[PDB]
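Residue numbers (UniProt numbering): 5 to 10, 14 to 296, 303 to 371.
Yeah, the Cβ is synthetic: ideal placement off N, Cα and C, and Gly gets one too.
To keep things clear, I will list the structure first and then write my remarks on it.
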């Protein structure tokens, strides 16, 4: 099947189903907020001219050095199982995926690289499970003082300088006075798991969350308290403005998909010094920027298209490659027994869980 990249539709309010904390090296803690950080970046720290390139040489990159399947649904599925177990009921949804993959599908109609839409779709138990085909991320391999390396590292340094492991009230003075000494890491992650929808279809999406902005509600839905952080170059030219608009569009997509309302941008100069930080509401972004309106209509279209795939009992473990080329998304059914029978897309333990649940 194909769907051409060129229909009015409404969004459902996303609801948080659960969350989990992970790291490379096999750490997975389901329904556990250990790795959830808290925003804290006083103006007095910013006024001292934070160098976002500081520490690039001494950085120990956990993600880059791990051999791990970055597309795996295993953490998401373990969290979903725990949610379903507590409820005694299969989640009501059509598609289960990571937010980043759905973002890629949306973005490929609006400037994204067609070449790297590469996903597996598997039907199981009335639902579609979608994962990135590739198992390894691309990390910059240029020297650490290269622009490409600093662009990558600066994101993590900004997070370490703007975030705390716990609320400010629970943080010792020693840490608050010496933010630049704290070790920069990209291993620990915290993800939310959200039920969302567009048009008449529903999705469960996993999504990385950078932190809590204001406070957390221990017994509530925290989507409204989450914040995503991004580093952008301060705008001083046409070229900078265009790059920033594209970054704004991208972070808007990331937040809107899972009901996050808060974005913080760290503006850097050409020397990677943080110049200022600005809060944006997710809703502010389309106003500032019809790409956003059309992206939601495209989201609706592509989701309705995927949901045409057969999802009855006889379709269990059928597998399709999802791609983008010649101005269209494409679905091609595969016949790969090991890949379909192995644990790479839907692991045996989750199959067993859903069977028992039936």
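Between residue i and residue j, which are expected to be in contact by the criterion C-beta below 8 Å, what is the C-beta distance as a whole number of angstroms?
i: residue 281; j: residue 57; result: 4 Å
i: residue 87; j: residue 182; result: Wrong, their Cβ atoms sit about 35 Å apart, outside the cutoff.
i: residue 279; j: residue 80; result: In fact, because the Cβ distance is near 35 Å, the residues do not count as touching under 8 Å.
i: residue 170; j: residue 45; result: 7 Å
Checking 8 Å against the spacing of the C-beta atoms, do residue i and residue j come in under that value?
i: residue 202; j: residue 211; result: yes
i: residue 70; j: residue 144; result: yes
i: residue 63; j: residue 108; result: no
i: residue 266; j: residue 49; result: no
i: residue 31; j: residue 76; result: no
i: residue 314; j: residue 332; result: no
i: residue 379; j: residue 319; result: As displayed, the chain neither begins before 5 nor continues past 371, which places residue 379 out of reach and without an answer.
i: residue 23; j: residue 197; result: no
i: residue 298; j: residue 287; result: Position 296 is followed directly by 303 in the chain, which means residue 298 is not present among the coordinates.
i: residue 102; j: residue 137; result: yes
i: residue 363; j: residue 129; result: no
i: residue 161; j: residue 335; result: no
i: residue 268; j: residue 240; result: no
i: residue 227; j: residue 316; result: no
Using three-state DSSP, classify residue i as helix, strand or coil.
i: residue 368; result: helix
i: residue 336; result: strand
i: residue 50; result: helix
i: residue 82; result: helix
i: residue 74; result: coil
i: residue 2; result: No answer is possible for residue 2: the residues shown for the chain start at 5 and end at 371.
i: residue 139; result: strand
i: residue 345; result: strand
i: residue 58; result: strand
i: residue 94; result: helix
i: residue 275; result: strand
i: residue 286; result: strand
i: residue 40; result: coil
i: residue 124; result: coil
Using the Cβ count rule (16 or more neighbours within 10 Å means buried), how would you classify residue i?
i: residue 25; result: buried
i: residue 193; result: buried
i: residue 365; result: exposed
i: residue 110; result: buried
i: residue 191; result: buried
i: residue 307; result: exposed
i: residue 29; result: buried
i: residue 300; result: No atoms of residue 300 appear, because in the chain residue 296 is followed directly by 303.
i: residue 166; result: buried
The alpha helix (DSSP H) spanning residue i covers which residue range?
i: residue 262; result: 245-263
i: residue 161; result: 154-169
i: residue 352; result: 350-354
Locate the beta strand (DSSP E) running through residue i, then write down its first and last residues.
i: residue 204; result: 196-205
i: residue 113; result: No beta strand (DSSP E) holds residue 113; the alpha helix (DSSP H) holding it covers 106-114.
i: residue 307; result: First-last for residue 307: 304-319, but that is the alpha helix (DSSP H), not the beta strand (DSSP E).
i: residue 238; result: 233-240
i: residue 292; result: Counting along the chain, residue 292 falls outside any beta strand (DSSP E), though it belongs to the alpha helix (DSSP H) covering 291-295.
i: residue 30; result: 22-30
i: residue 190; result: Here residue 190 belongs to no beta strand (DSSP E), and DSSP marks it neither H nor E.
i: residue 6; result: 6-8
i: residue 181; result: Here residue 181 belongs to no beta strand (DSSP E); instead the alpha helix (DSSP H) covers 180-183.
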